[PDB]
C-alpha cells in the first residue's frame, strides 16, 4: 500500500547536469588539494637545493591550478543550479497537477494548510537538497578523504595522529546533537508560548481591558518571557562551549603535528616542507569533517519534506469519471436522492441517512435545518464533490457517477457558504461561468445580485482589482459578487448555500425576488437555518440531525413536522 511514486524521476531528465556538477567539483577539490604539496615542493626541492626555476615554475603552476579550480567550482554551481531548479519546477508542477484533481475527501486528509506548505516550502527544501547533493555533498567528503590520502601520502607514521583527532570530534558532534536537539526544540515551545500570549492579548484586548485584568496579563507574559529566556540560555550555552572546544582540539592537532612531526625531521625521515604541507592538509581534513556534520543535520529535516511531498504524489483522487461516462448536452434540473447515507470519517455516526426526496425541474425549494443538520453536505452530493456512502444521487434520473463531470458541473452553479474570489478584475471573476459572456449579460447578473451599483461606483468599476481571495472586498459584496458569478453561468441547477449571511435583511429579498425573473427555468435550492428565508421558496425540505424531517409548505410542516416546530419556537 501507499504508492510507488518516486521523486528521483524529476531529476533523471537532467542527469547530464547532475553528473557535471560533481565532476566539476572534483576538479576544484584536486586543485585545492594540490596547493600544499606544491608549496612543500617549493621549499624542499627549490629553496633547499637553490634553484629559482623550481620555485618560479611551480609558483606559476600554483596560479594556473588556482584558476583551473576556480572554473571547477563555478561550473559545479552553474550545473547544479540548473539540475536543482528544473527539478523543483517539475516537482512543483506535478504537485499542483495532483492537488487540482483532489476531492473534498482528499483535501480532508492533508489539511489545506499542510497542503500549501507541501507545495511551497517542501518544494524549496527538496530543491536545496538536490543543489546540496551536487556541490558540498561532493566537496566536503572529498576534501576529508583526499586530505587524509595526502597526509598518508606524505608520511604514514605521522598519520596516526588522525586516529587521535577524529574520534573526539565525531564524539563532540554526536553529544552536541543528542543534547542540543531537545533543548533547541524547547526553545520553539517557549517561543510559541510568547507568541500565543501576545496574540490572545491582541485578539481579546477589549475583554482583558474591560475585565480590568491587564496586570494579570503582564504576569502571564512574564512566565512566557522567562521560560523563553531560560530555554535560550540553556540551549545556546551548549553551542557557545562547542565551538571553542572544537577549535581547541583542532589546534592541538597542530601541536601534535609539530611535536610528533618534530621528532620525525630530526630522524631525517621528513623534510621541512612536508611539515608545512601537512599542517594545511590537517586543517582541510578537520574543517571538512565539520561541514559533513552540518550536512547530516540538514538531511534529517529534508527527508521529512520528501515523505510529505510523496504522500501528495501518491494520493488517488476520490472522485473519478467512469470510462464510458454519459455526455449531458442539456439538463432539465430534475434532482433526486434515494436512500442516501453519508459519512466524512468512518469513526463517526452518519451525517446523512435514509435521505429520500425528489425535485421536479424548475422548482424553488428551501432546504432548512438547524446548525450541522447536513444541508451543505446534502447539496455537495449534487455536483459530484462527494459520493453517497449508501444509496445514490440522480440528476435527470441519471446516477451522477455515470455522467461526465465537466458536463454535470457545467450545468450546476453553487454559491458556497464561505465565499472565495480570485486575483484579477471583477469582470474576470464574474466571467468564471462564461468566457464568451458579454458585458450586458454580466451587468444583468450583477443587477439581480444587487452588486452592479457597488461595482459601478468603483474608479475602474468592472475592471477594478480583485486581490488574493477577495480580501479587499467585504463579506457582503464578495457574496453578492459570487451570486452574480453564479448567475452568469446560466445554470439549470442553482445552489445557494446560506448565502444571505453578510447582507441586509432587506437587500436579501431584493436578490431572491430577482432570481425568479432570471432563473426562469432553473431548479433552485435555497439553504438556510431561518424560517423567514425558507418561506420565500415554494416547498420546504426540513433536515434535523442528518435525516429529512418533512417536505412541504409552512402549514403542513407546522402541523406534522416537529423539528420544524422547534425551529419556529426558537425564532418566534
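Positions refer to the first chain, counted from 1.
Looking at mean Cα B-factors across 114-122 and 266-274, the upper value is held by 266-274. Stretch comparison (435-443 versus 89-97) by mean CA B-factor in the PDB entry places 435-443 on top.
When the C-alpha B factors of 184, 144, 281, 102 are read from the deposited coordinates, the top value falls at 184. For the set 168, 73, 416, 410, the PDB entry puts the maximum C-alpha B factor at 168. Sorting the modelled residues of the chain by their CA temperature factor places residue 69 in the lowest third. Per the deposited record, the Cα B-factor of residue 506 falls in the highest third when ranked against the other modelled residues of its chain. Compared with the other modelled residues of the chain, the Cα B-factor recorded for residue 472 ranks in the middle third. For residue 561, the recorded CA temperature factor ranks within the highest third of the chain's modelled residues. In this PDB entry, residue 428 carries a Cα temperature factor that places it within the middle third of its chain's modelled residues.
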